[PDB]
Structure formats: C-alpha cells, structure tokens
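The structure under discussion appears below in the form of structure tokens.
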Amino acid sequence: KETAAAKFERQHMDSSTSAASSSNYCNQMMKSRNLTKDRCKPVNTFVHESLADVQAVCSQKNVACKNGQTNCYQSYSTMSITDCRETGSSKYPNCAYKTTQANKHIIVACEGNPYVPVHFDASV
C-alpha cells in the first residue's frame with residue numbers, strides 16, 4: 001500500500017508550479033491528486049517548492065504537532081503554499097474549493113530512514 005511519505009507527496013507537494021495560477025487551482029488539484037475520489041477532503045495545503053527543500057524541514061525546528069506528537073518540525077523559511085478548503089457549495093461528487101495563495105512557514109511530521117515528511121500539520 002502507499003507509504004506515508006508517498007501519500008504526503010501526493011497530497012501536499014506541487015513542485016511543478018510556483019503558486020496557484022487561478023481560482024480553479026484547488027478544484028483541479030484536489031481532483032487530480034485523488035483527494036476527492038471517495039469524499040471531499042475538507043482542507044488541504046499544497047507546497048510550491050522542491051521536494052528536497054520540503055524534506056529538509058525534518059532537520060529544522062522541532063515543535064510538537066497539533067495532536068501532541070513530538071516528531072513535528074517547522075521550516076526556518078517561508079514557502080509558497082496554496083490553501084484549499086471547501087466552499088459552502090461543495091457537495092460530493094462535485095467537490096469545490098476556495099484557493100488562497102500564501103507565503104508561510106510549514107509544519108510537518110517526519111518518520112523513517114530516510115527521515116522524511118509523512119503529514120502536513122499546519123501553515124504558520
């Protein structure tokens with residue numbers, strides 16, 4: 001089955017664009033990454049950076065995750081991100097999202113050897 005690291009990449013990485021290019025970014029990406037296939041995922045963030053720059057966060061500033069786990073890390077630098085969250089009209093299978101551009105630090109949980117992101121915790 002898909003590894004947690006691979007699921008993080010599929011759900012949260014978009015190295016192919018530097019920012020969201022239109023209000024339809026989230027609608028299209030949530031669909032394309034299969035985040036709407038079984039239900040409308042309510043919120044999701046995409047990170048417009050290289051994979052290595054995001055994986056490097058696992059050696060940056062340790063901080064406890066929202067859920068209390070101690071394997072979370074905050075990036076030293078801000079990153080280009082897109083916040084996706086459902087619009088009021090979103091209704092499966094016609095999932096619909098508001099796209100919001102931002103430049104924020106990210107917080108990720110890390111596991112494994114290599115020690116890499118497995119969960120996107122927050123933009124801050």
Side-chain angles (χ1 to χ4, degrees):
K1 72 183 158 189
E2 187 182 30
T3 70
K7 176 158 66 255
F8 176 94
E9 293 192 44
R10 178 174 57 83
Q11 297 193 141
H12 301 294
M13 289 298 308
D14 187 7
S15 309
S16 299
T17 66
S18 305
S21 65
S22 77
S23 62
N24 274 308
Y25 176 91
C26 293
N27 289 334
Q28 290 169 196
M29 290 288 293
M30 295 296 285
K31 176 173 181 72
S32 285
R33 297 294 182 81
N34 304 137
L35 310 182
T36 64
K37 189 165 176 112
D38 304 331
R39 63 184 176 85
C40 304
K41 190 176 191 284
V43 292
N44 195 68
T45 300
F46 291 99
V47 183
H48 302 274
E49 299 293 348
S50 75
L51 182 58
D53 282 349
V54 175
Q55 292 167 328
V57 176
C58 298
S59 66
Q60 297 178 16
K61 182 65 178 162
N62 180 247
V63 62
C65 312
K66 284 168 175 172
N67 80 342
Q69 290 179 201
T70 57
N71 64 319
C72 282
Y73 300 86
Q74 186 206 283
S75 65
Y76 291 133
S77 311
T78 62
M79 294 185 176
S80 174
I81 71 170
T82 300
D83 179 274
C84 300
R85 56 186 62 226
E86 284 186 282
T87 72
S89 290
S90 184
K91 179 188 188 207
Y92 186 88
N94 302 115
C95 303
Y97 294 89
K98 178 65 177 175
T99 296
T100 307
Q101 294 165 323
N103 291 276
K104 297 277 191 194
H105 305 263
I106 66 170
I107 302 179
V108 298
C110 302
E111 301 176 0
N113 205 151
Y115 193 59
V116 293
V118 298
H119 162 79
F120 191 91
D121 207 52
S123 52
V124 304

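Side-chain atoms are counted along with the backbone in the values below, which use heavy atoms only and exclude waters and symmetry mates. Heads up: numbering here begins at 1 and tracks the sequence.
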Inset, instruction - Can you measure from CZ (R33) to CE (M13) and round to the nearest 0.5 angstrom? - result: 8.5 Å
Inset, instruction - Mind running side chain to side chain contact (heavy atoms under 4.5 Å, CB included) on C65 and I107 for me, showing each step along the way? - result: CA-CA 8 Å; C65 312; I107 302 179; over 6 Å; no
Legend entry - Beyond-backbone contact of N44 with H12, side-chain heavy atoms, under 4.5 angstrom: yes
Inset, instruction - Mind checking the CD-CD1 spacing from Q101 to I81? Nearest 0.5 Å is all I need. - result: 11.0 Å
Legend entry - Least distance between heavy atoms, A6 atom then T3 atom: N-OG1, 3.0 Å
Legend entry - Test: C26-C84 SG spacing under 2.5 Å: yes
Legend entry - Heavy-atom check, side chain of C40 versus side chain of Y97, under 4.5 Å: yes
Legend entry - Polar side-chain atom of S90 near backbone of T87 as donor-acceptor pair, under 3.5 Å: no
Legend entry - Pairwise distance CZ(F8) to CD(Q55) - rounded to 0.5 angstrom: 9.0 Å
Legend entry - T99 backbone acceptor or donor facing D83 side chain under 3.5 Å: no
Inset, instruction - Work out which heavy atom in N103 is nearest to a heavy atom in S80; give both atom names and the distance. - result: OD1-CA, 3.5 Å
Legend entry - Heavy-atom pair of closest approach, residues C110 and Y73: SG-CD1, 3.8 Å
Inset, instruction - Mind checking the CE-CZ spacing from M29 to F46? Nearest 0.5 Å is all I need. - result: 4.5 Å
Inset, instruction - State yes or no: do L35 and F120 share one hydrophobic cluster built from I, L, V, M, F, W and Y residues joined by side-chain heavy-atom distances below 4.5 Å, directly or via other members? - result: no
Inset, instruction - Would you name the heavy atoms of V118 and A5 that are closest together and state the gap between them? - result: CG1-N, 3.9 Å
Inset, instruction - Verify side chain to side chain contact (heavy atoms under 4.5 Å, CB included) between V54 and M79, making sure each step is shown before the conclusion. - result: CA-CA 9 Å; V54 175; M79 294 185 176; 4.2 Å; yes
Inset, instruction - Examine distances only and state if a side-chain atom of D121 and a backbone atom of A109 form a donor-acceptor pair shorter than 3.5 Å. - result: no
Inset, instruction - Assess whether side chain to side chain contact (heavy atoms under 4.5 Å, CB included) is satisfied between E2 and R10, documenting all intermediate values. - result: CA-CA 10 Å; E2 187 182 30; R10 178 174 57 83; 2.8 Å; yes
Inset, instruction - Describe, in one word, how the ring planes of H48 and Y25 are oriented to each other, choosing from parallel (under 30°), tilted (30 to 60°) and perpendicular (over 60°). - result: tilted
Inset, instruction - To the nearest 0.5 angstrom, please state how far the CD atom of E9 sits from the CG atom of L51. - result: 4.5 Å
Legend entry - Heavy-atom neighbours of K61 NZ exceed 12 at 6.0 Å: no
Legend entry - Straight-line distance of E49 CD to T78 OG1, nearest 0.5 Å: 8.0 Å
Inset, instruction - May I ask you to test the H119-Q69 pair for a side-chain heavy-atom distance under 4.5 Å? - result: no
Inset, instruction - Might you confirm whether atom NZ of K98 has over 12 heavy atoms from other residues, nucleotides or ligands at distances under 6.0 Å? - result: no
Inset, instruction - Following the transitive rule for hydrophobic clusters with a side-chain heavy-atom cut-off under 4.5 Å over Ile, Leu, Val, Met, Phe, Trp and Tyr, establish whether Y115 and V108 coincide in one cluster. - result: yes
Inset, instruction - Check whether any side-chain heavy atom of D14 sits under 4.5 Å from a side-chain heavy atom of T82, and report yes or no. - result: no
